[PDB]
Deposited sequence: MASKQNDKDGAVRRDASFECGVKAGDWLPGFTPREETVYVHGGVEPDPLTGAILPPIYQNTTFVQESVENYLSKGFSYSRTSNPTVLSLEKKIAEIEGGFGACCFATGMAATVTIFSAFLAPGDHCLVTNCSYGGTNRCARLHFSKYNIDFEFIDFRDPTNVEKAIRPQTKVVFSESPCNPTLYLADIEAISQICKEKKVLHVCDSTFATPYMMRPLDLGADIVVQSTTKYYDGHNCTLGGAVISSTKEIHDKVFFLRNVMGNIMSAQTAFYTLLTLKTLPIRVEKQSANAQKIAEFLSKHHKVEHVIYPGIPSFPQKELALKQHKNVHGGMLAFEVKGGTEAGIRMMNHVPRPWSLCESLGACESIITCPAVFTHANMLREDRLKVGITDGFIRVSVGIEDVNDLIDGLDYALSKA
């Protein structure tokens, strides 16, 4: 009847982004879930405690739970836990699955915050973090110790856009009985679902593409099994780092357009990468959709639908040229941190060294987050900025 999914059918991809994890409010029929902006939940009696499923919003909240169900469906997981930020999701992984004496392999071109929270904080608990090059899966295979509990990949990596072969790394981790965690923030599940490729856990900064509007901060942990999910949920309650109901409402809203947003962003990004690869003031361009991409074979194997909204490039002249460019990049570009949004964002990490170069972050390196503006405004602005470099 009306209001039911037909039994035995599974919604197709875009339908899940619109409707996944949500049904009309049973009480009123409201098409969107109400915002449970409240801390505590009244119990019918001492015996029917938790009979309606909730007690305290630090532990679980109905709006947050609806978003978690949607995210788990989109990523292909058993369940998801939502957090105040992406960093909270990551540090909850490190907190739950590592103890003194354990070993953790982390991609050496990881997002800066992940790298720092490993080196500067968790390492003081006598946890051994080792940073290696994930572009070759045999590097991971050869670096796993008996003490290794977690292999933490990221693909594409921030900011260099290196790819990690998630299926091969997952095979390696399964054989060694090690947890494979994948940060696929830059990919989004519309381009790559690491759980489909054998990862044990996915970490998402929902701040970036899930939101996509520069509106909220948020994080998510999607677990492949009930055992892992239960561990994450328990520790989230202890750490007090759950997402708020209002943030979950915003993200429930913005996730509905993730497919059409990422399609537009990636079409723009392809055109911008093609323009930059012919510009005489540009030394190198990094985009998984152009022929110069070093890991083109893996990109064709691992990416679905698109090649994403992120790109990078190196301006000729080094740091001084990159600075001149950044200082003269006009609207509609925004000069700032973050990525994944409707508003195109550009930044030069160097201005905002030996180890920097060891990563791949060269002096004139520019990270570009492509939005959904008209691509001719974006290209015209980059062309003008380059004329000052």
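Q) Quick one: where does the model skip the deposited sequence? A) Coordinates drop out over 1-22, 375-380.
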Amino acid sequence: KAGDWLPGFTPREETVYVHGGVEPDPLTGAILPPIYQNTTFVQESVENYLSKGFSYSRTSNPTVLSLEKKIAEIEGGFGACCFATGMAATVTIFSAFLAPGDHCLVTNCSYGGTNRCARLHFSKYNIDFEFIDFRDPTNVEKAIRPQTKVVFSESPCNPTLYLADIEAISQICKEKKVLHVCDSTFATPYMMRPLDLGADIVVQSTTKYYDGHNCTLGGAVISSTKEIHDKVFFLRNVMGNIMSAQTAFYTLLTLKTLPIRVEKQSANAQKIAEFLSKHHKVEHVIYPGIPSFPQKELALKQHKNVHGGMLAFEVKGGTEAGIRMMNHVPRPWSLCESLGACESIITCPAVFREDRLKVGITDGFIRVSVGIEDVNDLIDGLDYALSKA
From here on, numbers count along this sequence of modelled residues.
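Q) Is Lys52 one of the residues left unmodelled in a third or more of the other entries compared? A) No, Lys52 is modelled in every other compared entry.
Q) How about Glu354: is it missing in a third or more of the other compared entries? A) Comparison shows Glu354 dropped in at least a third of the other entries.
Q: For the higher mean C-alpha B factor in the entry, choose 61-69 or 342-350.
A: Of 342-350 and 61-69, the stretch with the higher C-alpha B-factor average is 342-350.
**Q.** Stretch with the greater mean C-alpha B-factor as recorded in the entry, comparing 366-374 against 18-26
**A.** The recorded data point to 18-26.
Q: Select one of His213, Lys256, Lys271, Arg116: the residue whose C-alpha shows the highest B-factor in the crystal structure entry.
A: Among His213, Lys256, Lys271, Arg116, the highest C-alpha B-factor in the entry belongs to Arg116.
**Q.** Candidate residues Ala245, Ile144, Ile74, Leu195, the one whose C-alpha B factor the record puts highest
**A.** Largest recorded C-alpha B-factor: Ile144.
Q. Lowest, middle or highest third: where is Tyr111 by C-alpha B factor in its chain?
A. It belongs to the highest third of the chain when residues are ordered by C-alpha B-factor.
**Q.** Third of chain Cα B-factors occupied by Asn126
**A.** Its C-alpha B-factor belongs to the highest third of this chain's values.
Q: Relative to the other modelled residues of the same chain, rank the CA B-factor of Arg135 and answer lowest, middle or highest third.
A: Ranked within chain, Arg135 CA B lands in the highest tercile.
Q: Using the B-factors in the PDB entry, rank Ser51's C-alpha atom against the chain and give the third, lowest, middle or highest.
A: Highest third, going by the recorded CA B-factors of the chain.
(Q) Quick check for you: using the entry's CA B-factors within this chain, is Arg236 in the lowest, middle or highest third? (A) It belongs to the lowest third of the chain when residues are ordered by C-alpha B-factor.
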